[PDB]
Engineer: 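Can you keep this structure in mind? I'll have questions shortly.
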Amino acid sequence: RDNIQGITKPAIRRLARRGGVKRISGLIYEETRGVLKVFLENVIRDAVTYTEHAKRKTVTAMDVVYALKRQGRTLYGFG
Amino acid sequence: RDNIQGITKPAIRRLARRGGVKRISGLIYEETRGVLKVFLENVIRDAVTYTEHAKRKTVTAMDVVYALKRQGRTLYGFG
Amino acid sequence: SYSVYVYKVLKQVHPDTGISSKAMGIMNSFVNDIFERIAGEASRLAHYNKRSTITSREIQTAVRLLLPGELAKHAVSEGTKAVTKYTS
Amino acid sequence: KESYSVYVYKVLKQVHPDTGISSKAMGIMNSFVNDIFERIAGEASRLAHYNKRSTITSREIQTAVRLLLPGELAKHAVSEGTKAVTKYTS
Amino acid sequence: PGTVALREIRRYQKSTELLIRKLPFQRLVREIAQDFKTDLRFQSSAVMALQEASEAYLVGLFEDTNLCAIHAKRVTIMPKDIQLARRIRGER
Amino acid sequence: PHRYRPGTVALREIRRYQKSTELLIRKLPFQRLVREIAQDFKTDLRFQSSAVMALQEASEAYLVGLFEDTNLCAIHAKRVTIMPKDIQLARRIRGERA
Amino acid sequence: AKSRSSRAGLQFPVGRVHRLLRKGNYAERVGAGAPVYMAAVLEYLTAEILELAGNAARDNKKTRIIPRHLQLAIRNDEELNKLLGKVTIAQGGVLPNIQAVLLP
Amino acid sequence: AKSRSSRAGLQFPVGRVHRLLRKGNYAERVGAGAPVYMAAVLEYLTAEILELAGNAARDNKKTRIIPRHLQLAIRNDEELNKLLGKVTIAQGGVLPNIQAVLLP
Amino acid sequence: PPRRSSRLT
Amino acid sequence: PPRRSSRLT
DNA sequence: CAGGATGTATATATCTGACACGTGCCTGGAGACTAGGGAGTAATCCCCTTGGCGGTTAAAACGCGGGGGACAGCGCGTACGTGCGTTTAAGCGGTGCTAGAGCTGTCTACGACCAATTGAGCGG
DNA sequence: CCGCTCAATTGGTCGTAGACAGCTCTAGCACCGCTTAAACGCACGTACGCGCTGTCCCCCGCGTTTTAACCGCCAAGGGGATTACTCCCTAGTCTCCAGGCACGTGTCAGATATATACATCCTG
């Protein structure tokens, strides 16, 4: 329940700094929280679909890697 | 031989009007010509690669469709 | 080509509307594209699970992976309604 | 199970004799090799199916390499593949 | 200045024809292909598919160019708008 | 006392976080969020620690690239502050939400 | 004797889909309900896009479906637009849309 | 006696790549030059990325290669960046880059 | 009884 | 002589 | 500019675990045949691609004239960055339990493969 | 709408892929407590966003003039499909047996530390 506020404003500002951002408007944090929620929902839906297809109960890192590769976001270093 | 000029300024204007563009700067036409040249080169290179793999000399609509399919632009209608 | 069956389906959904010869090539491309999309993801799912059979389970999972939102919910409901009628 | 760690390390020791590699960078190189293998193999499979051929040969792999790798990377990979095939078939 | 352009937008947005002349586009396609293989024949359908793809790509790019224009508080699209759209797409 | 101008620590932070390769989101709140989102797709779900780590490693790169596009959208408007509209223009152009 | 496609209640060919799955190099074996499921999914999607295209043709006072109607139907529906989002339809045109700041 | 990798001058395996090609279900048959070609191409790409990553490590003054060095080698090379353009490297960070208008 | 969807009706 | 690359130099 | 303080690189010493190597061993690759079709090649036919011509007229090109708009400069006010003091869970390190993933061992039914028999969908 | 032949369905065997039960231990969850790094709340000030105003120039709209696109037709032949031998290349199978994978082992690259000198950015 409301765990998206655990992605604190300093963390979002750190991610913006890594992206080269100098000044950040005050409404950026909520927009970033919504965007991250949508992205995570889309990836986790496919990860759980892969989990249930194997009749498993734990989501493997390979489930996440497959859920990412099918969105054109292939990730190295996790198998 | 200078056949990129055949993509006339009125034609670029019509293509922009279909995109909803109201005003066009005077340097947009040459930039559009360069963009079209790059896109066409990238597609016709894969189309020709598909053509010479079949030991053919005629570029086929299927070659173009396949060359488009591999760049993420799927074409409906030509097979 | 799926021209005959696309026309059969169109006569079921719109009995008094016709189709062009360029709008039927488009539907053939659509069918041949979506078939490749589902059958390439059912193929991927079988290899992930180290299985050699593409069953209706892989087709259902691939449909749920590729079709958006409410398209998947009804495509699955029609797929399990046809497998039921086919085996009974 | 299986991985390309031994071969990646051999290429590293032959390209950079005194440089080592961490366990995380090896996982990344195994993912890289698997990714590129699957890409080239899938493109070759499509080429074989496009031309109604039931065999993947050296020419399909070469055409897949030309389609996938960009620019001079494709040219040098094609040259290396050709060199290896003519050294093997000799 | 601007009404004949709104009318033009409405005219070309409800139309489905090809907006580039077919002969100059065909010559452009042949000239580009001349750099990959000499003595290259083309199906008519090959060039037609190429033109449909190119016009769709350019209309789609202009649709993003216009958004980049409105973002900078302008109604005129400039080459910097095309460059921004192409960067964000990933083509640059 | 000794105060820096309101653009200096920002650039120093940009240099610091563009040089490191760590994870910028705290792992426990992110794990909680990942568990909560998955709770709507399956109950009594379990996660490998490596699965949540892969999810974080993907989400953080996604957000960093999004902010890289957002900064370009803000500079295009002759601005240095990134606003929600820059995020929206970036996402609209890369197709995420048109 | 029931052609195996009317045995499931579909207008799409179960036998042809089975042949294509067996010849497409998808797996080493193909199940029994896999062609029935795939043909049911293809037929429903076809009937849905064709449902919207005929409606669009009716709105334009036409009794035929042209690429324009298919494009209009796909892009005016959110889920078929999401599915066919990287798809170019020949002779399809664009959805009529001009922004507010451009309109006077 | 001899290995088919040593017969081709390769360090990557061609027997393993042959078995992966046969088992991967890409075609009904696999030639006797496809594994050699694929292993040569994979070895060339591995040698390129490693040769650039070992240079990225050496500029940093490290005798090891970490994911950061691989990212520095990939994103700083025009062709490997286009090849690995949809790839996320875990613990790889980003290329240090600040837009010129932001600097004072 | 023309064929119709329930996703659309 | 190591396995230097000819694409870069 | 001087310079005073903040941020930070340098020299020089201890952990410290992780990587590079050693070792047994087992299984996957290699070798040596056989069988048989997949692909190559030669011949052939005819489609459809290219090339040229003549005429029209639609569209492109060009020049001109306004005015709408892009851009520059200026002013204001407000919202974001910086810093400091306080609070709060993130994290680290155990400690414990058990759910379930991975792995045999067994058996069965399901799909591939071959043989009649048709009978519908393609061409005209 | 008519002719007919290629593809679809049906019957029956068999071998193996996959379902099911039993087990074993790994790893994922749950909890507790201490530390302290990090988040959070607040105040201040300034720099940036945003609005307004003015200039002038670049883009659009319009009326001639030109240019070549488009259309129809005639013609040749290059090369795409197609078919029928022939053989060479690949799958399949049964020995070996070496290469690569799964555990010990230590020693060095890397991370972490203070005293020191050098270089920052922001003022009076």
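The analysis underlying the following values was restricted to heavy atoms, covering all of them including side chains, and did not include hydrogens, waters or symmetry mates. Every chain is numbered from 1 and lettered A, B, ... according to where its sequence line falls, protein lines coming before strand lines.
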Engineer: Looking at F:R3 and K:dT82, is any side-chain donor or acceptor paired with a base atom of the opposite kind under 3.5 Å?
Structural biologist: yes

Engineer: Does a side-chain N or O of C:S52 approach OP1 or OP2 of L:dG18 to a distance below 4.0 Å, or not?
Structural biologist: yes

Engineer: Report yes if a side-chain nitrogen or oxygen of H:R22 is closer than 4.0 Å to either non-bridging phosphate oxygen (OP1 or OP2) of L:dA91; otherwise report no.
Structural biologist: no

Engineer: Base, sugar-phosphate, or nothing: which does A:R13 touch, judged by heavy atoms less than 4.0 Å apart?
Structural biologist: sugar-phosphate

Engineer: For F:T8 and G:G15, take the nucleotide of DNA chain L holding the closest heavy atom to each; which residue's nucleotide lies nearer the 5' end?
Structural biologist: G:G15

Engineer: Scan side-chain atoms only and decide if H:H69 and H:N60 contain a donor-acceptor pair under the 3.5 Å cut-off.
Structural biologist: yes

Engineer: Quick test of your reading: by the Watson-Crick or G-U wobble rule with a 3.5 Å threshold, is L:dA27 paired to K:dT98?
Structural biologist: yes

Engineer: Taking the P atom of each, how far is L:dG80 from L:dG3, in whole Å?
Structural biologist: 39 Å

Engineer: Could you tell me if the side chain of B:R14 sits less than 4.5 Å from the side chain of B:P10, heavy atoms only?
Structural biologist: yes

Engineer: With both distances under 3.5 angstrom, what nucleotide forms a Watson-Crick or G-U wobble pair with K:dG119?
Structural biologist: none

Engineer: With a non-hydrogen cut-off below 4.0 angstrom, is E:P24 in contact with a base, only sugar-phosphate, or nothing?
Structural biologist: sugar-phosphate

Engineer: Counting only Watson-Crick pairs (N1-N3 plus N6-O4 or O6-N4) and G-U wobbles (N1-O2, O6-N3), all under 3.5 Å, who is the partner of K:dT14?
Structural biologist: L:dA111

Engineer: OP1 or OP2 of L:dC58 less than 4.0 angstrom from a side-chain nitrogen or oxygen of B:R23, does that happen here?
Structural biologist: no

Engineer: Answer yes or no: does a side-chain N or O of H:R7 lie under 4.0 Å from OP1 or OP2 of K:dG31?
Structural biologist: yes

Engineer: Do K:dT8 and L:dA117 meet the pairing test, Watson-Crick or G-U wobble with both distances under 3.5 Å?
Structural biologist: no

Engineer: Does the side chain of H:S3 get closer than 4.0 angstrom to OP1 or OP2 of K:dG29 through an N or O atom?
Structural biologist: no

Engineer: How many Å lie between CG on F:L28 and P on L:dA30, as a whole number?
Structural biologist: 12 Å

Engineer: Tell me: NZ of E:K80 to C1' of K:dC71, nearest whole Å?
Structural biologist: 11 Å

Engineer: When we call it a touch if two heavy atoms are under 4.0 Å apart, what does F:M83 touch: a base, just sugar-phosphate, or nothing?
Structural biologist: sugar-phosphate

Engineer: For K:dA30, take OP1 and OP2 only and decide whether either is under 4.0 Å from a side-chain N or O of H:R4.
Structural biologist: yes

Engineer: Respond yes when some side-chain nitrogen or oxygen of E:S44 is under 4.0 Å from OP1 or OP2 of K:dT49, and no when none is.
Structural biologist: yes

Engineer: Pick base, sugar-phosphate or nothing for E:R7, based on heavy-atom distances below 4.0 Å to the nucleic acid.
Structural biologist: nothing

Engineer: Please determine if a side-chain N or O atom of A:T8 lies less than 4.0 Å away from the OP1 or OP2 oxygen of L:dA38.
Structural biologist: no

Engineer: Base, sugar-phosphate or nothing for A:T60? Non-hydrogen atoms, less than 4.0 Å.
Structural biologist: nothing

Engineer: Positive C1'-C2'-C3'-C4' counts as north, negative as south. Which one applies to K:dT104?
Structural biologist: south

Engineer: From C-beta outward on E:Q43, which listed nucleotide comes closest to its side chain: K:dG111, L:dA109, K:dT49?
Structural biologist: K:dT49

Engineer: What's the CD-P distance between E:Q26 and L:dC70, to the nearest Å?
Structural biologist: 10 Å

Engineer: Would you indicate whether D:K24, at its atom NZ, is surrounded by more than 12 heavy atoms from other residues, nucleotides or ligands within a distance under 6.0 Å?
Structural biologist: no

Engineer: 5'-most contact on DNA chain K: F:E13 or D:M26, nearest heavy atom basis?
Structural biologist: D:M26

Engineer: Base, sugar-phosphate, or nothing for F:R15, non-hydrogen atoms under 4.0 angstrom?
Structural biologist: nothing

Engineer: Which part of the nucleic acid, if any, lies within reach of D:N51 when heavy atoms closer than 4.0 Å are counted: base, sugar-phosphate only, or nothing?
Structural biologist: nothing

Engineer: Select base, sugar-phosphate, or nothing to describe what B:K9 touches, counting heavy atoms under 4.0 Å on all strands.
Structural biologist: nothing

Engineer: With a 4.0 Å cut-off, would you call A:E30 and A:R33 a salt bridge?
Structural biologist: yes

Engineer: Ignoring backbone atoms, establish whether H:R16 has a side-chain N or O less than 4.0 Å from OP1 or OP2 of L:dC101.
Structural biologist: yes

Engineer: Starting from the 5' end of DNA chain K, give me the residue, B:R14 or A:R17, whose nearest nucleotide shows up first.
Structural biologist: B:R14

Engineer: Under a 3.5 Å cut-off for both contacts, is K:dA20 paired Watson-Crick or G-U wobble with anything, and if yes, with which nucleotide?
Structural biologist: L:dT105

Engineer: Of all the nucleotides listed (K:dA39, L:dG79, L:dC60), which has the minimum atom distance to the side chain of D:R53?
Structural biologist: K:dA39

Engineer: L:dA69, OP1 or OP2 - any side-chain N/O from E:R21 closer than 4.0 Å?
Structural biologist: no

Engineer: Going by heavy atoms in the side chains, are D:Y9 and D:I21 under 4.5 Å from each other?
Structural biologist: yes

Engineer: Side-chain N or O of D:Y9 versus OP1/OP2 of K:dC19: is the shortest distance under 4.0 Å?
Structural biologist: no

Engineer: Tell me the partner of L:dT9, counting only Watson-Crick (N1-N3 plus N6-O4 or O6-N4) or G-U wobble (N1-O2 and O6-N3) with both under 3.5 Å; none if nothing fits.
Structural biologist: none

Engineer: Closer than 4.0 Å, any side-chain N/O of F:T81 to the OP1 or OP2 of L:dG49?
Structural biologist: yes

Engineer: From NZ of F:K27 over to P of L:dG28, roughly how many Å is that when rounded to an integer?
Structural biologist: 14 Å

Engineer: Given atom CZ of E:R74 and atom P of K:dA72, what is their separation to the nearest angstrom?
Structural biologist: 12 Å

Engineer: Once you apply a heavy-atom cut-off of 4.0 Å, does E:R30 come out as touching a base, just sugar-phosphate, or nothing?
Structural biologist: sugar-phosphate

Engineer: Does E:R41 put a side-chain nitrogen or oxygen below 4.0 Å from OP1 or OP2 of K:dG51?
Structural biologist: no

Engineer: Rounded to the nearest angstrom, tell me the gap between atom NZ in D:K10 and atom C1' in K:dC19.
Structural biologist: 17 Å

Engineer: Starting at the 5' end of DNA chain L, which residue's closest nucleotide do you reach first, B:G26 or H:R29?
Structural biologist: B:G26

Engineer: With a 4.0 Å cut-off on heavy atoms, is G:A32 in touch with a base, just the backbone sugar-phosphate, or nothing at all?
Structural biologist: sugar-phosphate

Engineer: Please report the sugar pucker of L:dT120 as north or south based on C1'-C2'-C3'-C4'.
Structural biologist: north

Engineer: Rounded to the nearest angstrom, tell me the gap between atom CG in F:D86 and atom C1' in L:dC48.
Structural biologist: 14 Å

Engineer: Given the rule in the side chain to side chain donor-acceptor pair (under 3.5 Å) test, do D:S3 and D:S5 qualify, once you have shown the distances and angles that lead to the verdict?
Structural biologist: CA-CA 6 Å; D:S3 79; D:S5 291; 3.2 Å; yes

Engineer: Based on the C1'-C2'-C3'-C4' dihedral, does K:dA18 have a north or a south sugar?
Structural biologist: south

Engineer: To the side chain of E:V4, which of K:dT6, L:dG61, L:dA19 is closest?
Structural biologist: L:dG61

Engineer: May I ask you to decide if the ring planes of B:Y50 and D:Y50 are parallel, tilted or perpendicular, using 30° and 60° as cut-offs?
Structural biologist: perpendicular

Engineer: State which residue, out of B:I24, B:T8, B:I7, fulfils the side-chain contact (heavy atoms from CB on, under 4.5 Å) condition with B:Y29.
Structural biologist: B:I24

Engineer: Using atom CG of A:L27 as one end and atom P of K:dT78 as the other, report the distance to the nearest whole Å.
Structural biologist: 16 Å

Engineer: If you check every side-chain atom of H:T63, which of L:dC29, L:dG61, L:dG110 has the closest atom?
Structural biologist: L:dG110

Engineer: Checking all strands, does F:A10 fall into the base, sugar-phosphate, or nothing category for heavy-atom contacts under 4.0 angstrom?
Structural biologist: sugar-phosphate

Engineer: Given the ring of G:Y37, does C:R57 sit roughly above its face, with NZ or CZ under 6.0 Å from the centre of the six-membered ring and within 45° of the axis?
Structural biologist: no

Engineer: The side chain of A:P10 is closest to which nucleotide in this list: L:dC48, K:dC122, L:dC40?
Structural biologist: L:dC40

Engineer: For a quick test of reading the model, state the closest non-hydrogen atom pair linking B:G6 to E:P24 and the distance between them.
Structural biologist: O-CB, 3.4 Å

Engineer: Scan every strand shown for a Watson-Crick or G-U wobble partner of K:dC33, both distances under 3.5 Å, and answer none if you come up empty.
Structural biologist: L:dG92

